[PDB]
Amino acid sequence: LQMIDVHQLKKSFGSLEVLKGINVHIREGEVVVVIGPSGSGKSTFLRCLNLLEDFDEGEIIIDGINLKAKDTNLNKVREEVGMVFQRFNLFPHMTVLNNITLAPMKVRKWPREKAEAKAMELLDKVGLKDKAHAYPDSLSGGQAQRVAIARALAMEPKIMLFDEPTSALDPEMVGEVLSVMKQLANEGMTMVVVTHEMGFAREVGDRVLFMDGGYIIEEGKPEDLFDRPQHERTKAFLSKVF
């Protein structure tokens, strides 16, 4: 039924409880956009979904695989979840092409040639096939972020997580990244995107999750939550940032 099933997820960092009982259902092929004030645990939530973070209480089931089960291979689960961070996504001492074939070649044992062809295909999809042999330090922010997306997709994941991938870029470079993300959404990839770009949220998001202080205060279709919020805290957040 769901590609991502989260039940009463709780997470603390010592004395500080960040996630206070998150409940989420995301269907395969759905694009879920997460918004909310800072410190609400948006990034922490993504990190949990990417297995970069252990969790205290709750249950997380990815593609029918409970992360707490005996027979669960967490590295295998980590193979089906791709993630793009706000900033440093590439190894600097590696070329674009090699950054992309590294995991597929190691993890999925693809021969160097099967990996590189797939990488050239993803580079073309993001419009940077000509940068295959360049190093990250020579890319613009917008180009590096697109390559970061190609790299994550090279593992052919079932889910793609995005933690404010454009929040850092200058306005000129924002579109080229969102454009790739939109293209990716039209392809049926299950996506979870933390972002402040409400235009992208409305246009390509299937559902929006309003996270505030460790809780999902409201949930709903973009149109319904942005223009018909049902909770004052939601209207509050939406008004102040407008």
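Throughout, we count residues from 1 along the sequence that is shown. Think of the rigid core as the biggest set of C-alphas that the two forms share within 1.5 Å after superposition.
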Between 75-83 and 141-149, where do the CA atoms move more in 4 other deposited structures of this protein, taking the root mean square over the structures and residues after a core fit? 75-83
Farther-lying stretch by C-alpha RMS in 4 other deposited structures of this protein, rigid core as reference, of 93-101 and 161-169: 93-101
As the entry reports it, the stretch among 27-35 and 213-221 with higher mean C-alpha B factor is 213-221
Averaging the C-alpha temperature factors as deposited, the higher value of 62-70 versus 196-204 falls on 196-204
Looking at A119, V147, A134, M105, which one carries the largest C-alpha B-factor according to the PDB entry? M105
Record-listed C-alpha B factor of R87: chain third: highest
Among the chain's modelled residues, which third holds the C-alpha B-factor of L178? middle
Sorting by Cα B-factor within the chain, modelled residues only, which third would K109 end up in: lowest, middle or highest? highest
Compare the C-alpha B factor of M94 with those of the other modelled residues in its chain, then answer lowest, middle or highest third. middle
Going by the recorded CA B-factors, say which third of the chain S138 sits in, lowest, middle or highest. middle
